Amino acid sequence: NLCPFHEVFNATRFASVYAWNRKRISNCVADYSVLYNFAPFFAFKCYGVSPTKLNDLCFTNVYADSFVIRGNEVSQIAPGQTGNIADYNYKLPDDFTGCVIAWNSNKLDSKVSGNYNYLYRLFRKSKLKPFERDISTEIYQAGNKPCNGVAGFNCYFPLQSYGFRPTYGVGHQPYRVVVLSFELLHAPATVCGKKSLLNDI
């Protein structure tokens, strides 16, 4: 059984970073080489694991988190980072054990008039916990008066759009990100690459 990595990386549309999507991977053989072999991954930084010796160990579960951000925000998809993405949209823990994968998708997620399909959270009362998701559409109260559910003075809609256009600079062009989390709980292994679990035969 091959792990459905094609469904995650080759998706027609990705999720907004504020509502980042997670696909749990379990009970399959993971051809990690197929990853690095198919798209030109502009960023491929692994934390706590080794990309050269990937498909040699096992894991209880593997989580694939995918979303879209601009180019200059890919640096926020890393442990101990700050910014609108790391604080309000997608936060990685300090002891992150996994890989962060990102590639430019200007040909897919940009249009001449502006692709307002992808959003991000601009305001929030507090920072996000690691792997926390906030999809609420509550009007952010910046002042000391209630907003009554509509935007106004010191009352802003919390989500903002990118409006990707193909003529933007590389720092403002869309980038599709895939975050691979590797979990190892007190359970037998379920996701292994080419490891010595051929013994199942």
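Position 1 is the first residue in the sequence shown; the rest follow in order.
**Student:** Averaging the C-alpha B factors as listed in the entry, name the stretch that ends up higher: 159 to 167 or 27 to 35.
**Tutor:** Going by the record's values, the stretch with the higher mean is 27 to 35.
**Student:** Higher average CA B factor in the deposited record is what I'm after, so tell me if that's 173 to 181 or 187 to 195.
**Tutor:** In the deposited entry, the stretch with the higher C-alpha B-factor mean is 187 to 195.
**Student:** Would you mind checking which of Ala151, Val49, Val68, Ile135 has the top Cα temperature factor in the PDB entry?
**Tutor:** In this record, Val49 carries the highest C-alpha B-factor of the candidates.
**Student:** Can you tell me which third, lowest, middle or highest, the CA B-factor of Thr97 falls into for its chain?
**Tutor:** It falls in the top third of the chain.
**Student:** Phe42's Cα B-factor: lowest, middle or highest third of the chain?
**Tutor:** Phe42: CA B-factor falls in the highest third of its chain.
**Student:** Can you tell me which third, lowest, middle or highest, the CA B-factor of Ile139 falls into for its chain?
**Tutor:** Answer is lowest: the recorded C-alpha B-factor places it there.
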